[PDB]
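Residue-level listing of the chains:
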Amino acid sequence: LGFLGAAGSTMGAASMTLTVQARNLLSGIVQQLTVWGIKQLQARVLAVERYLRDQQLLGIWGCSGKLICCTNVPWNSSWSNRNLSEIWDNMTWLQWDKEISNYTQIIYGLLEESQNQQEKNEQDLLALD
Amino acid sequence: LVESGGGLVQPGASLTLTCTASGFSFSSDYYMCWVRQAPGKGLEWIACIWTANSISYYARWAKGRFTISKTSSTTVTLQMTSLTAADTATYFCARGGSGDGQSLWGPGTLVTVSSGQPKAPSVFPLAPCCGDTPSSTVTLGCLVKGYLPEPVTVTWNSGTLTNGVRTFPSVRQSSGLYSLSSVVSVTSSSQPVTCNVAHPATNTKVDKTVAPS
Amino acid sequence: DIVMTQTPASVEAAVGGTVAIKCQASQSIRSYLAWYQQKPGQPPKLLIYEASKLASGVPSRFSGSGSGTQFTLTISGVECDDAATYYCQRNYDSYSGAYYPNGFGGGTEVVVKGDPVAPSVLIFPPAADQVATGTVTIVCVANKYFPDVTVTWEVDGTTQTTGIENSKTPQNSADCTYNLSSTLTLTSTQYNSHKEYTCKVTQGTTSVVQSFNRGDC
Amino acid sequence: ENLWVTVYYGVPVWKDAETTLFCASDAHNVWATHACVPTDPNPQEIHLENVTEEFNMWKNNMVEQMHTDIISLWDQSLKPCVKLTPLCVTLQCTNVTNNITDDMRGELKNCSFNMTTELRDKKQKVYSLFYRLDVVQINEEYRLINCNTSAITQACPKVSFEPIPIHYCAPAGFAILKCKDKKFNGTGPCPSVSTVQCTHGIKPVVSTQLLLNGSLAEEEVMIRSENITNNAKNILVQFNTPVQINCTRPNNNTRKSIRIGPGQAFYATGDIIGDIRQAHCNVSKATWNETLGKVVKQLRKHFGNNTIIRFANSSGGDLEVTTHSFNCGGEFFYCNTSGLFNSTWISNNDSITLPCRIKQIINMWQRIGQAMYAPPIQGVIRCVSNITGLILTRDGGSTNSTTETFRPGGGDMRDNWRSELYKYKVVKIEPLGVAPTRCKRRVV
Ligand SMILES: *[C@@H]1O[C@H](CO)[C@@H](O[C@@H]2O[C@H](CO)[C@@H](O[C@@H]3O[C@H](CO[C@H]4O[C@H](CO[C@H]5O[C@H](CO)[C@@H](O)[C@H](O)[C@@H]5O)[C@@H](O)[C@H](O[C@H]5O[C@H](CO)[C@@H](O)[C@H](O)[C@@H]5O)[C@@H]4O)[C@@H](O)[C@H](O[C@H]4O[C@H](CO)[C@@H](O)[C@H](O)[C@@H]4O[C@H]4O[C@H](CO)[C@@H](O)[C@H](O)[C@@H]4O)[C@@H]3O)[C@H](O)[C@H]2NC(C)=O)[C@H](O)[C@H]1NC(C)=O
Ligand SMILES: *[C@@H]1O[C@H](CO)[C@@H](O[C@@H]2O[C@H](CO)[C@@H](O[C@@H]3O[C@H](CO[C@H]4O[C@H](CO)[C@@H](O)[C@H](O[C@H]5O[C@H](CO)[C@@H](O)[C@H](O)[C@@H]5O)[C@@H]4O)[C@@H](O)[C@H](O[C@H]4O[C@H](CO)[C@@H](O)[C@H](O)[C@@H]4O[C@H]4O[C@H](CO)[C@@H](O)[C@H](O)[C@@H]4O)[C@@H]3O)[C@H](O)[C@H]2NC(C)=O)[C@H](O)[C@H]1NC(C)=O
Ligand SMILES: *[C@@H]1O[C@H](CO)[C@@H](O[C@@H]2O[C@H](CO)[C@@H](O[C@@H]3O[C@H](CO[C@H]4O[C@H](CO)[C@@H](O)[C@H](O[C@H]5O[C@H](CO)[C@@H](O)[C@H](O)[C@@H]5O)[C@@H]4O)[C@@H](O)[C@H](O[C@H]4O[C@H](CO)[C@@H](O)[C@H](O)[C@@H]4O)[C@@H]3O)[C@H](O)[C@H]2NC(C)=O)[C@H](O)[C@H]1NC(C)=O
Ligand SMILES: *[C@@H]1O[C@H](CO)[C@@H](O[C@@H]2O[C@H](CO)[C@@H](O[C@@H]3O[C@H](CO[C@H]4O[C@H](CO)[C@@H](O)[C@H](O)[C@@H]4O)[C@@H](O)[C@H](O)[C@@H]3O)[C@H](O)[C@H]2NC(C)=O)[C@H](O)[C@H]1NC(C)=O
Ligand SMILES: *[C@@H]1O[C@H](CO)[C@@H](O[C@@H]2O[C@H](CO)[C@@H](O[C@@H]3O[C@H](CO)[C@@H](O)[C@H](O)[C@@H]3O)[C@H](O)[C@H]2NC(C)=O)[C@H](O)[C@H]1NC(C)=O
Ligand SMILES: *[C@@H]1O[C@H](CO)[C@@H](O[C@@H]2O[C@H](CO)[C@@H](O)[C@H](O)[C@H]2NC(C)=O)[C@H](O)[C@H]1NC(C)=O
Ligand SMILES: *[C@@H]1O[C@H](CO)[C@@H](O[C@@H]2O[C@H](CO)[C@@H](O)[C@H](O)[C@H]2NC(C)=O)[C@H](O)[C@H]1NC(C)=O
Ligand SMILES: *[C@@H]1O[C@H](CO)[C@@H](O[C@@H]2O[C@H](CO)[C@@H](O)[C@H](O)[C@H]2NC(C)=O)[C@H](O)[C@H]1NC(C)=O
Ligand SMILES: *[C@@H]1O[C@H](CO)[C@@H](O[C@@H]2O[C@H](CO)[C@@H](O)[C@H](O)[C@H]2NC(C)=O)[C@H](O)[C@H]1NC(C)=O
Ligand SMILES: *[C@@H]1O[C@H](CO)[C@@H](O[C@@H]2O[C@H](CO)[C@@H](O)[C@H](O)[C@H]2NC(C)=O)[C@H](O)[C@H]1NC(C)=O
Ligand SMILES: *[C@@H]1O[C@H](CO)[C@@H](O[C@@H]2O[C@H](CO)[C@@H](O)[C@H](O)[C@H]2NC(C)=O)[C@H](O)[C@H]1NC(C)=O
Ligand SMILES: *[C@@H]1O[C@H](CO)[C@@H](O[C@@H]2O[C@H](CO)[C@@H](O)[C@H](O)[C@H]2NC(C)=O)[C@H](O)[C@H]1NC(C)=O
Ligand SMILES: *[C@@H]1O[C@H](CO)[C@@H](O)[C@H](O)[C@H]1NC(C)=O
Ligand SMILES: *[C@@H]1O[C@H](CO)[C@@H](O)[C@H](O)[C@H]1NC(C)=O
Ligand SMILES: *[C@@H]1O[C@H](CO)[C@@H](O)[C@H](O)[C@H]1NC(C)=O
Ligand SMILES: *[C@@H]1O[C@H](CO)[C@@H](O)[C@H](O)[C@H]1NC(C)=O
Ligand SMILES: *[C@@H]1O[C@H](CO)[C@@H](O)[C@H](O)[C@H]1NC(C)=O
Ligand SMILES: *[C@@H]1O[C@H](CO)[C@@H](O)[C@H](O)[C@H]1NC(C)=O
Ligand SMILES: *[C@@H]1O[C@H](CO)[C@@H](O)[C@H](O)[C@H]1NC(C)=O
């Protein structure tokens, strides 16, 4: 298919293109006056920064190097009330994103500590065995 | 709307069909479209043209082989190339607005793509066995056999007899020729009835007067 | 591009019943979906446009619903005149953003079950000119009947398996009935070899047998 | 048993966002300066099945970026250029009487002055033809019209001002959504959405009254007035067909050169070869009538269909909007388009030659801090273009839904950018996301 082709399908189907989607995060600036060239430079910086922020989070979460990961963090069901198959099989991921959008910072803090800092503590205990 | 240009053509032929508007013109803006339908099958969209600027849209199987054109304020054409037997169909033109279906259609023109040569029909009378007693009701008819291409038109008494008339759908035989029958129910008081059998592809029109016994 | 799936492929409804015909789009077309009626031998006729707007002069028993991806044509109180094939049509193009009428659904045939009517049965021996051509067509007609019939051909009491072509008119718009032409085609020498030509038309519990002898006609 | 929310990456997400646009082009011209990076001939549009997206015209800031990007270019092209401030010396003048067509009388003046040689200690008599538009009387002798305003400059005539398409590309991690729907209202959702990482070129070309060389409407003439009830708003009009226009500068222009300092050539207008004639533009009369009929049909969509529609002579105000203007052929022109609007519309030979004017001192945009001389261009100017739309306004205070009238108007270049940019919006890709799973993390 091509970039963003997954916008036409439900969240489960969107998984098929995830490696495609990652292709354009740094792409299109690969080949190359204050006017424009300074703008280009700003764009280059922006693309890099955003990319790094995501990578940073994944490294925190331990999900680095993967487009799919398996966190150990349970979520508070109040954030959504739909059967799991009823979510994954009938909406564009973006639509789902709008529903989740007011809980996202809760989740991120949980990922950082409720499992990853804690896991690391346990990892250290295992390291001492 | 009336389509014109259909008929029998050989595989590999090109053909141009014309759609002619009457009672209105492209001083107003429309989509004019061509739709086809093979015998016994469903409607198949070919192309539309926006009459204001001739911008055109095509089905995937049509672009590269069919061309739609606005040739005047009352005509749109469909040029067809490299025709095959599978292009045999009734071709309709239709008129639509933006987003509001197609409310006006032509009657369609029949395109037959075949290696066979045109063949006029043989017409045979259909009547009951000479023997049986004179009956009050009597159904008489015409068997129209062995023609190519479709269509034939069958009328009775030059179109002045149509009550009691049943014209059956044609049947394509294994040979690729067509047969059809038309019957009319009359009474013993009726005068003889005559079927008029026109086959425009061959420019034939045959009469056959049928009366019992 | 967008695929239009129409279901069911055929449906039977009694006069007065309700029938619902569905059309699915693989991508959303919002409300840009039209519905057509087609009688055999006629061009299609617009019924509904923009999913639910009624076209001029279309009886109120036709209605349309749906939006995005799923649509329904409902006929509420089916009549014999409604025996036809119905098509949905996509009226929007995602690529171009334009709203021309384009791809059709595969179509749904609606058969209408009316009052039972027993056929009149007619057999026609071949005119004399047929034989000289070396081919003979015997015609049997079952006129004005509902529901469907069975036609059996016999020749000197032997059932005929080959050479038979059947042609059935569309259901009558007033009383739902059919008419049937059944033809038996033989070479002229087959036909002269044998004596008794029989058309048997069966409907339900009743058969009507019409026969002739080659020599008597 | 209870579900765990877990990480996913690269899932599509769109956020409305603004980033600086990246310039690119096919393959010195002011508009590209050849500094834009050349781009691939691979407009790989991706149709987005089953999606819709809101697009709001007049909300996109790509328009604003374009509006200031071109300004920066304009100034950049002129910063290298030589100042003309020696020209504020007063001038003696006469009306030119040599082979003047009667309707050209007093259009040009022949004048002279005592301005300096390139030597610090010497001066020379100088003279040139001038348009009356570029001068004012020194008292009730003349002076340049802008000597009481920021100084006039000009050099570097070699640079071309002819438009070249300019493409803009999203920064990596961003994409440009577009709407293909031929029926699109300037605002709200569109079902036709597809995307590109970059866009097709758009010319920098400007007009003060009619759009030129714009993309044609896909189906029918269309109007985008914003909330139409507010008549302070400019009314966009987009033709779905081209209207050819031809124009000329019939005078055989000649050129003179002057030294005003070391290294400082100064252009001056040579005597015209042949009879003096007015600049003019030809359009089809018949076509103009036909396209107006298309327009009024569109106007009626917001009114009862028996309403009266009228066009009118410009209401005046500054010349830059009072008349149509363009830089075609590398030289500025203005014309009296009011004849085009001399009609009314009711329920139920083949061409026109508009008069025109030329001014060599250009005050760009709305700015008053700068001005520049336009160099003479030798020979007859010829111009051919497609008219693609109108900038219109409507008179306030109408009653009983009738006799609405319109005039050419606007002239803020921003609306020209909008005539193309309304098709697009910029969004940000947010590949990160999470969703519930039956999975729980594996043991270390
Ligand atoms: C262009 O310029 C114009 C000129 O100024 C701008 O004006 C705006 O025009 C638009 C569309 O024409 C309006 O949108 C619609 O407005 C009405 C009125 O909204 C008010 O009334 C609410 C109560 O309404 C009901 O009761 C009243 C009678 O008392 C009836 O008239 C109504 O019909 C209703 O039955 C009231 O609750 C609102 O205030 C509340 O909400 C606002 C937030 O929006 C808060 O600030 C307030 O404090 C307060 O809490 C308000 O006072 C609505 O009735 C419309 O709702 C329908 O349409 C929506 C989409 O169009 C849809 O989402 C709704 O659910 C609802 O749709 C229903 O009804 C339709 C038929 O009426 C059906 O087709 C539909 O399927 C469904 O059944 C809608 O919101 C603007 O209100 C109006 N501006 C102002 C200031 O009023 C215009 O904005 C400019 N446009 C552009 C593009 O620039
Ligand atoms: C709506 O859009 C349309 C389409 O973009 C615009 O239409 C075009 O607009 C431009 C600008 O008005 C016109 O360009 C001018 O055309 C002049 C003529 O060009 C052709 O003829 C000449 C001989 O007269 C040939 O030499 C040219 O050959 C070149 O082009 C063809 C392609 O068409 C190539 O195959 C060739 O290899 C050549 O590359 C043309 O066939 C042209 O003279 C003029 O260029 C001069 O002026 C520019 C500065 O403006 C200089 O950069 C340039 O070097 C030329 O100047 C020389 O000549 C003058 C004297 O004549 C000297 O004084 C100079 O010092 C220098 O020596 C320019 O390109 C174009 O023709 C026109 N198209 C048509 C179809 O009419 C509309 O403008 C546009 N409207 C809006 C509002 O923007
Ligand atoms: C839009 O369309 C309108 C109308 O079609 C245009 O408005 C007219 O513009 C022209 C030129 O700009 C005006 O004429 C100029 O008038 C001055 C002075 O005129 C006065 O004296 C006249 C006798 O000398 C008398 O006839 C005039 O009477 C008219 O005007 C009054 C309104 O003020 C009205 O009541 C009357 O009934 C008459 O209609 C008036 O009292 C004159 O000095 C000018 O002549 C000089 O310049 C011209 C060249 O332009 C030159 O040829 C001469 O030799 C002389 O040097 C000139 O005639 C006219 O008055 C305007 N009409 C109105 C009603 O004001 C408008 O121009 C268009 N728009 C644009 C942007 O152009
Ligand atoms: C831009 O468009 C405007 C209209 O859309 C133009 O308005 C015109 O202005 C000019 C110059 O001021 C006028 O021309 C003068 O008119 C007088 C009288 O004309 C009428 O009467 C004479 C007899 O006196 C008759 O012969 C003509 O046909 C007229 O009926 C003449 O005496 C002058 O010689 C000269 O032509 C126009 O009259 C006026 N238009 C109208 C409709 O009144 C405006 O001038 C335009 N600007 C440019 C620069 O062209
Ligand atoms: C438009 O969006 C809808 C959902 O938003 C998509 O609907 C899906 O369409 C497909 C094909 O038309 C359906 O697939 C089929 O399902 C049967 C049922 O098991 C399966 O056996 C077949 O092999 C086939 O895959 C699907 O049921 C349907 N609904 C979903 C996925 O929820 C549609 O695909 C979208 N169109 C485009 C172009 O993306
Ligand atoms: C250019 O300057 C010269 C002087 O530098 C002007 O000639 C003088 O003109 C004034 C009045 O017109 C006289 O009082 C002087 O006597 C003149 N000078 C000489 C040497 O005779 C000349 O008029 C200026 N030209 C313009 C167009 O202003
Ligand atoms: C530049 O000065 C000129 C005058 O030299 C100003 O022109 C005035 O323009 C208005 C409108 O045409 C007339 O009412 C005045 O009589 C003109 N003045 C004169 C001197 O002719 C113009 O306004 C000045 N610009 C600046 C920015 O002040
Ligand atoms: C503008 O002027 C040119 C020529 O002066 C016109 O071009 C003509 O176009 C037709 C149509 O293809 C040709 O048959 C002619 O031969 C062309 N003329 C010449 C001299 O080559 C053009 O039509 C004019 N446009 C308008 C709107 O008037
Ligand atoms: C614009 O078109 C007009 C005519 O359509 C041209 O005017 C003609 O000019 C010649 C010589 O100048 C005359 O012999 C004709 O009689 C004029 N025609 C009419 C109808 O008056 C004019 O040259 C064209 N200008 C441009 C730049 O194309
Ligand atoms: C502008 O005026 C100047 C003088 O005021 C004219 O210059 C003369 O031009 C003629 C013919 O070109 C020559 O024979 C003279 O020798 C020139 N005089 C000087 C002092 O150079 C000029 O011709 C005028 N130009 C126009 C277009 O009217
Ligand atoms: C404008 O006029 C000038 C001269 O009046 C023209 O220049 C001529 O150009 C041709 C070919 O380039 C030469 O053979 C002539 O000798 C030139 N004339 C002179 C007096 O030197 C010029 O061509 C005209 N402009 C146009 C567009 O034709
Ligand atoms: C005015 O615009 C029209 C339409 O954009 C141009 O005609 C097009 O010409 C190109 C190249 O010759 C063709 O590929 C297009 O198919 C034409 N358009 C149509 C609708 O068929 C025309 O060239 C433009 N005018 C000028 C002077 O370039
Ligand atoms: C769910 O979360 C809400 C607030 O986020 C909290 O008040 C509630 O106690 C939680 N309950 C469970 C069962 O997680
Ligand atoms: C998010 O919160 C805002 C305001 O608190 C609310 O308006 C919106 O509906 C919420 N949406 C979701 C998906 O939680
Ligand atoms: C020059 O023209 C103006 C009007 O166009 C006139 O007032 C002036 O008297 C003229 N001067 C000469 C010397 O011809
Ligand atoms: C555009 O908006 C107007 C008013 O909001 C509406 O009447 C019209 O139907 C819209 N256009 C389309 C194609 O839906
Ligand atoms: C313009 O066209 C309209 C109708 O299309 C007509 O009534 C009118 O006379 C035309 N204009 C001219 C100047 O002939
Ligand atoms: C305007 O006329 C059209 C006929 O094309 C009609 O459909 C529409 O309802 C009318 N609108 C008004 C406001 O009268
Ligand atoms: C419109 O132009 C005509 C000539 O084509 C002229 O007779 C009339 O005066 C003009 N209209 C106005 C309001 O001046």
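Going by what the PDB entry lists, chain D is known as Envelope glycoprotein gp160 and is assigned to Human immunodeficiency virus 1. Per the PDB header, the entry is named "HIV Env BG505 SOSIP with polyclonal Fabs from immunized rabbit #3417 post-boost#1". The Sequence similarities (unreviewed entry) field of the UniProt record for chain D holds the comment "Belongs to the HIV-1 env protein family."

The name given to chain C in the PDB entry is Monoclonal antibody 10A light chain, with the source organism recorded as Oryctolagus cuniculus.

Draft legend 1. Focus on the sheet that holds strand 4 (residues 33–38) of chain C. All names here are of chain C. Strand order in this open sheet of six strands is 2-10-9-4-5-6, and the pairing throughout is mixed. Each end of this open sheet is capped by a strand with a single partner; those strands are strand 2 (10–14) and strand 6 (53–54). As paired elements, strand 4 and strand 5 (residues 45–49) share three bridges and run antiparallel to each other. Following the sheet pairing, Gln37 is matched in strand 5 by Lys45.

Draft legend 2. Geometry of the interface of chain A and chain D. Tallying the contact residues gives 52 residues for chain A and 51 residues for chain D. Inspection of the region where chain A meets chain D yields four salt bridges. Linking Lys39(A) and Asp69(D) is a salt bridge whose minimum nitrogen-to-oxygen distance equals 2.8 Å. Taken together, chain A and chain D are joined by 24 residue pairs in polar contact.

Draft legend 3. Spotlight on the site of ligand 8. All names here are of chain D. Taken together, the residues surrounding ligand 8 are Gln244, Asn246 and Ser284. Within the side chain of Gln244, one N or O atom sits 2.5 Å away from a nitrogen atom of ligand 8. A distance of 2.4 Å separates an oxygen atom of ligand 8 from a polar atom in the side chain of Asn246. When ligand 8 sits alone it has 580 Å² of accessible area, and the protein chains cover 28% of it.

Draft legend 4. Geometry of the packing of aromatic side chains. Evaluation of the coordinates by the stated rule reveals 37 aromatic pairs over all chains. When the ring of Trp88(A) is compared with that of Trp93(A), the centres are 5.4 Å apart and the planes differ by 80°; the resulting orientation is edge-to-face. Owing to a relative accessible area of 14%, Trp88(A) belongs among the buried residues under this scheme. Ring centres 6.2 Å apart and planes at 70° place the aromatic pair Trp93(A) and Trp96(A) in the edge-to-face group. Of this pair, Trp93(A) and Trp96(A) both sit in helix 5 (residues 93–100), three residues apart, which is roughly one turn of that helix. Like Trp93(A), the residue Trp96(A) is buried in the burial classification. Positioned over the ring face of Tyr178(C) is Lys168(C), at 4.1 Å from the centre of the ring. Over the aromatic face of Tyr127(D) sits the side chain of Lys256(D), whose NZ or CZ is 3.6 Å from the ring centroid.

Draft legend 5. Representation of unusual backbone geometry within the structure. In this chain, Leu148(B) is followed by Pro149(B) through a cis amide linkage whose omega measures -5°. By the element assignment, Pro149(B) lies in the loop between strand 13 (137–147) and strand 14 (153–156). Omega for the peptide link from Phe146(C) to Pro147(C) comes to 0°, which places this bond in the cis form. Within the secondary structure, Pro147(C) sits in the loop between strand 12 (135–145) and strand 13 (150–155).

Draft legend 6. Local environment of the packing of helix 1 (residues 62–78) of chain D against helix 4 (residues 414–421) of chain D. Residues and elements named next belong to chain D. Taken N-terminus to C-terminus, the directions of helix 1 and helix 4 make an angle of 130°; their axes are 9 Å apart at the nearest point. The angle between helix 1 and helix 4 falls in the class oblique. Crossing angle aside, the handedness with which helix 1 passes helix 4 is right-handed. Here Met62, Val63, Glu64, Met66, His67 and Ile70 of helix 1 come into contact with helix 4, specifically with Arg414, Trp417, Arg418 and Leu421. Residue composition of the contact of helix 1 with helix 4, by class: six nonpolar, one polar and three charged.

Draft legend 7. Representation of helix 4 of chain D in the model. Residue and element names in this part refer to chain D. Of all eight residues in helix 4, seven are buried, a share of seventy percent or more. Here helix 4 has its buried residues at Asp415, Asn416, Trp417, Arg418, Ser419, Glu420 and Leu421. Against the buried residues of helix 4 lie helix 1, strand 17 (210–212), strand 19 (235–259), strand 29 (379–394) and strand 31 (424–429).

Draft legend 8. A look at the pairing of strand 3 (residues 18–25) of chain C. Residue and element names in this part refer to chain C. Here strand 3 shows one buried face, formed by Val19, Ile21, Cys23 and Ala25, and one open face, formed by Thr18, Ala20, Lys22 and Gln24. Here four bridges tie strand 1 (residues 4–7) to strand 3, and the two strands are oriented antiparallel to one another. Along strand 3, the bridge assignment pairs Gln6 with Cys23. Here strand 3 runs beside strand 8 (residues 70–76); their pairing, made up of seven bridges, is antiparallel. Bridged to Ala20 within strand 8 is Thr74.

Draft legend 9. Fine view of the domain arrangement of chain C. Residue and element names in this part refer to chain C. Split by domain assignment, chain C resolves into domain 1 (2–114) and domain 2 (115–214). A straight line from the C-alpha centre of domain 1 to that of domain 2 covers 37 Å. For the pair domain 1 and domain 2, the interface holds zero salt bridges. Taken together, domain 1 and domain 2 are joined by two residue pairs in polar contact. Looking at the side of domain 1 that touches domain 2 residue by residue, the classes come out as seven nonpolar, one polar and two charged.

Draft legend 10. Up close: the arrangement of the chains. Where four pairs of chains are in contact, the pair with the most contacts is made of chains A and D. Over all C-alpha pairs, chain A and chain B never come within contact, reaching a minimum spacing of 18 Å. Regarding chain A and chain C, which are not in contact, the minimum distance between any of their C-alpha atoms is 7 Å.

Criteria and thresholds
- Residues numbered from 1 in each chain as written, not as in the entry; some residues may be left out.
- Chains lettered and ligands numbered in written order.
- Part of a larger assembly, values for the part shown.
- Heavy atoms only, no water.
- Residues with missing side-chain atoms left out of burial classes, pairs and counts.
- UniProt positions renumbered as here; feature names shortened; annotations may be inferred.
- Pairing = 2+ DSSP bridges.
- Helix = DSSP H or I, 4+ residues; strand = E, 2+ residues; numbered from the N terminus.
- Contact = heavy atoms within 4.5 Å.
- Salt bridge = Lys/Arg side-chain N within 4 Å of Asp/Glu carboxyl O.
- Polar contact = N/O pair within 3.5 Å; in protein donor to acceptor, adjacent residues only side chain to side chain.
- Near = heavy atom within 4 Å.
- Areas by Shrake-Rupley, 256 points an atom, 1.4 Å probe, with all protein chains shown as cover.
- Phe/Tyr/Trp six-rings, centres within 6.5 Å; stacked < 30°, edge-to-face > 60°.
- Buried < 20%, exposed > 50% of the residue type's maximum accessible area, 1.4 Å probe, protein only.
- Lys NZ or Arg CZ within 6 Å of the ring centre and 35° of its normal.
- Axes fitted to C-alpha atoms, helices over the stretch in contact; angles between N-to-C directions.
- Parallel < 35°, antiparallel > 145°, perpendicular 65-115°, else oblique.
- Left-handed = near helix turned anticlockwise from the far one by under 90°.
- Nonpolar A, V, L, I, M, F, W, Y, C, P; charged D, E, K, R; others polar.
- Domains from an automatic or database assignment.

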